[PDB]
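# Structural features, examined
The primary structure of each chain is shown beneath.
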Amino acid sequence: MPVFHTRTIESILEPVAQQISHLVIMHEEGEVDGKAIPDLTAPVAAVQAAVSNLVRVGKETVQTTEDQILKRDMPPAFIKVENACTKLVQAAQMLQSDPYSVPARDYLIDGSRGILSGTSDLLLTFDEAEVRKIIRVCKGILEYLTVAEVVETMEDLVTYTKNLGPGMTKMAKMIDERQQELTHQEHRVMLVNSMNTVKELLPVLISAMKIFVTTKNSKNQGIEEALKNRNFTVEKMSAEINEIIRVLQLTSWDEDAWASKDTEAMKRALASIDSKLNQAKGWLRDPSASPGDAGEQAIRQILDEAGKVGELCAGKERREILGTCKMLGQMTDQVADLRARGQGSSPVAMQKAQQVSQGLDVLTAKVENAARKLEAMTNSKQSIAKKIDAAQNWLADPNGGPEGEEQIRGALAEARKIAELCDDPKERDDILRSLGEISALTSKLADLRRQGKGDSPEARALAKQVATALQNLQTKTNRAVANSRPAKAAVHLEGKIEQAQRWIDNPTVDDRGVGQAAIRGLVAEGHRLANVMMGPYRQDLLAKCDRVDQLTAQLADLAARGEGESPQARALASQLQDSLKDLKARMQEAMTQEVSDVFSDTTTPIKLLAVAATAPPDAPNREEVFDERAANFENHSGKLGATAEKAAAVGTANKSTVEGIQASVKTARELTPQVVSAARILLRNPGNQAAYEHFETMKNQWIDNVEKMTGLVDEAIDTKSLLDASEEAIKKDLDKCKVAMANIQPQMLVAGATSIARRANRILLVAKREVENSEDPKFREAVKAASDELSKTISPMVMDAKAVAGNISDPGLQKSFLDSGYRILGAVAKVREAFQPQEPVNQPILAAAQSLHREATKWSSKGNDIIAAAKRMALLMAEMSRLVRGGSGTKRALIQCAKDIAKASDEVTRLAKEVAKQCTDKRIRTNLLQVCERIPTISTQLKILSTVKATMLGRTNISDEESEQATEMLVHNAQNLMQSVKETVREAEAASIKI
């Protein structure tokens, strides 16, 4: 298992990769030819010289690191490479004896993998104790997080500040070290963007400590919610401290991410459906007296929240919940058109309305029960990872009496069978070979009893046999996820467009719902878009939602019956994509109007919260006046918490923002009660200094959060979108301000006048973000300068707003006031002038290969700039995908092309950095570097794994599942390669057009 956990490992193995390729390629012609072998006497000690230094340090670490933890696995570890150290020099001198020795041919090549194992084995084994000190430091962080309740006095928090102070400084600097020591930039990003938060919420915690002891003096009603302020934020920081455990424990390329990242929607669902329940039913209990205010949108999101449950749960189950909601929605829409004729009152057609209310009850039952049958595999997957490496513990010591220990590895291996009893029901075929071999290791577990009558020298014998067996048990459960989680979606919509696109040819053979759930994903968001939009467009967009949604089963049948190549199945798939093209441009325009509305009052009710929280005299019902402002605050943010996800739905950008904006969402989600709890306790003792400034922490902690939201969500959308949306919003509100002056409305006028001002400052805010992101002042000077006109004309707004506030029939003021609006409209029109451009036993690597085989058809049909490297990668990626389980005699090109897979990868990285320095935008350059970092990270690994596979090839006494594990490394990481390439081939032009 040649790992790539640390920079120091690749700096040593890639030398050794050159070294063992210098000799295994010669071992070929010992086998395939038996010719006069060239005298490689000189590499023998020289490759030993690349090892003996590590051996002696490996002995020196035994000679120096005195804690027995590394002394239990590492001294057995270099025994193997010292067993390699025995044979390769004997392999030398026997080849000195005989150029043709069959007892040397086997003899040298057994060591060559024992090198590449054992070299790689030792370098991770160095990294073992390297990071376990950091775990205790992380535990020491968590120690203070256990002390984060211990503080009961103001003096204690100062000492606690004096506790965390050296702790946090000791913390982050070691984190910077492993940042340097790592090479997965996508996982490097995981580490730092955890670490900045736990530093950032740290004074917020300390401020919460400040406010707690003040409330410990008087407001011991608040120490309830201040603990709720505290312990949540304590649990918030400790969550990433829990998360950086597996970041530290991330030994190799991750598989467990999406199996754990997609657990979010279930906890999202269960706390959401209960709230959408009552507002749906009593809405639909009086149907024709319910026009669709929010229960229709509740009924909509009930379909939508259950719609992502079917994205999670799959198999035969995914046809069922998709069926019953499509059943329910047409049942409701039948009743919704019983409202248009209106003849159904509350008892008129209740026979239908109960079968709808029970029909939704089927929808809510199957989602909450498949939920526990979704998360149960993840309960076992974390469980099964514990005992597979616990194998090294008891196999190390030959114990005569580990009978209490015998029940531990005995019954937990039976709990692996319980996990196999959890693994069983999803499939049958691959199940029974695992459901048979689960008892096969119990026979080896039965072998623990006989030598458990005190026998050491055979406890080492089956140890090699259970060495293959233990990892084989995990590797089958490693396969248990490609048939228990369906083919997941891109968070990119255009990725899901591609995910939709690839499924159209061969539906059944792929991982499940690669387009089918992607079509289920793409259509379920337009439903989330259409409901908030207005009535006559609502069903109109639902018409555009459901005219393509009727193609769900219509494209789930032409491979389920017959083949799709019949033209009544081809054109029915071909007329699909025409209407499906009509989705995104509406769905973009759908989201476009939303964000310009919901982010209008971005800080505004918060200031209304603030002036509510500023001066209450504790009069009656004025706290209730705050309560609706408090109610406004969620109702503002809950729309904001809704929209930014829908902004993330149609973002059309980097992953990094759209993975980062969702992180910004849940900050704004979870700080939203943290605001109110801070806002309430300021209302409990108004006028207190420490209450005010801690509010001024937390409130301003929310602002720059929602500013970081604001400044990213408009970056999450395009500037063509928002300006037109701003322009149409401001002309409408000015007309709303105009018809407020048609009648006598002064106060609604000046509120709308200030509504311009809060939106005008937003416009100038966007004009800053272009300039700091544009590299050069090509015209971004005018982006300042037109916003400089805004900063001029913002002041005649409010001044005239007061000046027109005297009379609705103020003579000539409204002439100036519409002109004051007309000053804005030409200015925002100048912002449009800115952003214009015019101044063969494995074939899963086949799926990796046939990926970029189909991305050959993009960006043009005429020329090539970088593509030719990617396609000569792809055909060699196609060639190896044969050859990995291919013929048993051409393992030389396994490495000889992996040389190019090193080479042609990082050639593109050279091509990456040059257009990065050619481009005129730092964000596309920052997005280019985060994706092109992994290209050399991956590149040399495929050299390394090809060597291991050459030792797997022609071996004829390998436990072939380990070769299958070696195949799986060539499976996943070439898939991880091929996916990562087209990201750059996207940004080959997705960035380059910005010039």
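Residues numbered from 1 in each chain as written, not as in the entry; some residues may be left out. Heavy atoms only, no water.

In terms of regular secondary structure, the protein is built from 36 helices and zero strands. Against the 2.2 N^0.38 benchmark of 30 Å for 995 residues, the protein shows a C-alpha radius of gyration of 33 Å, consistent with a compact globule. Oriented by its inertia axes, the alpha-carbon framework of the protein measures out at about 115 × 80 × 65 Å. Put simply, the protein has 995 residues, and 48% of those count as buried. Carbon and sulfur atoms make up 57% of the accessible area of the protein, which totals about 48800 Å². If the 132 positive side-chain charges of the protein are averaged to one point and the 137 negative ones to another, these points end up 1 Å apart. (Helix = DSSP H or I, 4+ residues; strand = E, 2+ residues; numbered from the N terminus. Rg over C-alpha atoms; globule rule 2.2 N^0.38 Å. Buried < 20%, exposed > 50% of the residue type's maximum accessible area, 1.4 Å probe, protein only. Areas by Shrake-Rupley, 256 points an atom, 1.4 Å probe, with all protein chains shown as cover. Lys, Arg positive; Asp, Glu negative; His and termini not counted. Charge placed at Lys NZ, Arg CZ, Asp CG, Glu CD.)

The biggest cluster of nonpolar side chains holds 94 residues, and the ones touching the most others in it are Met 171, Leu 205, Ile 241, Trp 702 and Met 709. Not counting residues within four places of it along the chain, the set of residues in contact with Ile 241 comprises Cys 138, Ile 141, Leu 142, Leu 145 and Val 198. By size, the runner-up hydrophobic cluster in this structure holds 30 residues, among which are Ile 901, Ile 938, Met 978 and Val 985. (Core = buried A, V, L, I, M, F, W, Y, C linked by side-chain atoms within 4.5 Å. Contact = heavy atoms within 4.5 Å.)

This part takes up the environment of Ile 717. Secondary-structure assignment places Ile 717 in the loop between α25 (689-716) and α26 (719-742). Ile 717 sits in the buried class, given a relative accessible area of 14%. Once residues within four sequence positions are removed from consideration, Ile 717 is found in contact with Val 595 and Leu 722.

Bringing the environment of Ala 269 into the picture now. Mapped onto the fold, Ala 269 is located in helix α9 (residues 264-285). Sequence spacing of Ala 269 and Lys 316 is 47 residues, and the spatial spacing of their C-alpha atoms is 21 Å.

Here we take up the packing of helix α35 (residues 934-952) against helix α36 (residues 960-990). Interhelical geometry of α35 versus α36 gives an angle of 155° and a closest axis separation of 10 Å. When the interaxial angle is binned, α35 and α36 end up roughly antiparallel. Crossing angle aside, the handedness with which α35 passes α36 is left-handed. Along the contact surface, α35 presents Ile 935, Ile 938, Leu 942, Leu 945, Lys 949 and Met 952, while α36 presents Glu 962, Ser 963, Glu 964, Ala 966, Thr 967, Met 969, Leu 970, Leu 977 and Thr 984. Among the residues forming the contact of α35 with α36, the class breakdown is nine nonpolar, three polar and three charged. (Axes fitted to C-alpha atoms, helices over the stretch in contact; angles between N-to-C directions. Parallel < 35°, antiparallel > 145°, perpendicular 65-115°, else oblique. Left-handed = near helix turned anticlockwise from the far one by under 90°. Nonpolar A, V, L, I, M, F, W, Y, C, P; charged D, E, K, R; others polar.)

Before going further, it helps to examine unusual backbone geometry. Excluding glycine, a negative phi dihedral is what most residues carry, and trans is how most peptide bonds are arranged. Residue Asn 621 is not a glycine yet carries a positive backbone phi of 70°. Structurally, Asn 621 can be placed in the loop between α22 (604-614) and α23 (622-649). Of the residues examined, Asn 621 reaches a relative accessible area of 59% and is grouped as exposed.

Attention shifts here to the packing of aromatic side chains. Taken as a whole and assessed by the stated rule, the structure comprises two aromatic pairs. Seen in terms of ring centroids, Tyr 144 and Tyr 160 are 6.0 Å apart; in terms of plane orientation they differ by 65°. Their pairing is edge-to-face. Here the residue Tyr 144 occupies a position in helix α4 (residues 102-147), and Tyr 160 occupies one in helix α5 (residues 154-181), the gap between them amounting to 16 residues. Measuring from ring centre to ring centre gives 4.9 Å for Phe 633 and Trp 702, while their planes differ by 65°; the resulting arrangement is edge-to-face. Pair noted here: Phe 633 is in helix α23 and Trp 702 is in helix α25, with a separation of 69 residues, a long-range link. Considered together, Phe 633 and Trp 702 belong to a single accessibility category, that of buried residues. The positively charged end of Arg 230 is found above the aromatic ring belonging to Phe 212, 4.1 Å away from the centroid. Looking at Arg 339, its charged tip hangs above the ring of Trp 283, at a distance of 4.2 Å from the centre. (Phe/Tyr/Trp six-rings, centres within 6.5 Å; stacked < 30°, edge-to-face > 60°. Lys NZ or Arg CZ within 6 Å of the ring centre and 35° of its normal.)

Moving on, we come to the packing of α4 against α5. At a minimum axis distance of 10 Å, the contact between α4 and α5 shows a crossing angle of 150°. Taken as axis vectors, α4 and α5 run roughly antiparallel relative to one another. As for how α4 packs across α5, the hand of that crossing is left-handed. On α5, the residues touching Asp 127, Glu 130, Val 131, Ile 134, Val 137, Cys 138, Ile 141, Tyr 144, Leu 145 and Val 147 of α4 are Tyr 160, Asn 163, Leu 164, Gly 167, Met 171, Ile 175 and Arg 178. Residues of the contact of α4 with α5, tallied by class, amount to twelve nonpolar, two polar and three charged.

A contiguous patch of positive charge on the surface is contributed by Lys 133, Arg 136, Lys 170 and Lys 173. Going through the elements one at a time, α4 and α5 are the ones with two or more residues in the positive patch. Assignment of secondary structure puts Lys 170 in helix α5. Looking at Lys 170, the relative accessible area reads 40%, which means it is partly exposed. (Patch = residues over 30% accessible without salt bridge, like charges linked within 9 Å, V, L, I, M, F, W, Y side chains within 5 Å. Salt bridge = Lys/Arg side-chain N within 4 Å of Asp/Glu carboxyl O.)

Here we come to the side chain of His 187. Structurally, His 187 is set in helix α6 (residues 185-217). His 187 gets classed as buried once you look at its relative accessible area, which sits at 4%. A distance of 3.2 Å separates a polar side-chain atom of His 187 from the backbone oxygen of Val 247. Not counting the four nearest positions on each side in its chain, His 187 is found in contact with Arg 246, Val 247 and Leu 250. (Polar contact = N/O pair within 3.5 Å; in protein donor to acceptor, adjacent residues only side chain to side chain.)

On to the domain arrangement of the protein. Split into domains, the protein comes out as domain 1 (7-126), domain 2 (148-256), domain 3 (389-481), domain 4 (718-839) and domain 5 (845-994). Placing a centre on the C-alpha atoms of domain 2 and another on those of domain 3 gives a separation of 39 Å. (Domains from an automatic or database assignment.)

Another point: the pattern of salt bridges. When the charged atoms of two side chains lie near each other, side chains of opposite charge can form a pair. This model, assessed by the stated rule, comprises 39 salt bridges. With a closest N to O distance of 2.4 Å, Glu 406 and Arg 409 form a salt bridge. Here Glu 406 and its partner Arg 409 are both found in helix α14 (residues 403-423), three residues apart, which amounts to about one turn of the helix. With a relative accessible area of 8%, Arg 409 lands in the buried category. Its salt-bridge partner being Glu 437, residue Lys 476 comes within 2.6 Å of it at the nearest N-O pair. With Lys 476 in helix α16 (residues 461-478) and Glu 437 in helix α15 (residues 429-450), this residue pair connects regions lying 39 residues apart in the sequence. With a relative accessible area of 16%, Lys 476 lands in the buried category. Taking relative accessible area as the criterion, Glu 437 reaches 36% and is therefore assigned partly exposed. Overlapping salt bridges, with partners in common, bring together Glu 405, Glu 406, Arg 409 and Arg 449 in one network.

So, about the side chain of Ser 980. The residue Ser 980 is located in helix α36 in this model. Look at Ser 980 and you get buried, because its relative accessible area is 8%. A polar contact is formed between the side chain of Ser 980 and the backbone oxygen of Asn 976, at a distance of 2.5 Å.

On the surface, a cluster of negative charge is contributed by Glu 130, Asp 176, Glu 177 and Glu 181. Broken down by element, the residue count for the negative patch peaks at three residues, all from α5. Relative accessible area serves as the criterion here: at 35%, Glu 177 is assigned to the partly exposed category.

Assignment of secondary structure puts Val 831 in helix α30 (residues 813-835). Sequence separation between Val 831 and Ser 787 is 44 residues, and the spatial gap between their C-alpha atoms is 8.1 Å.

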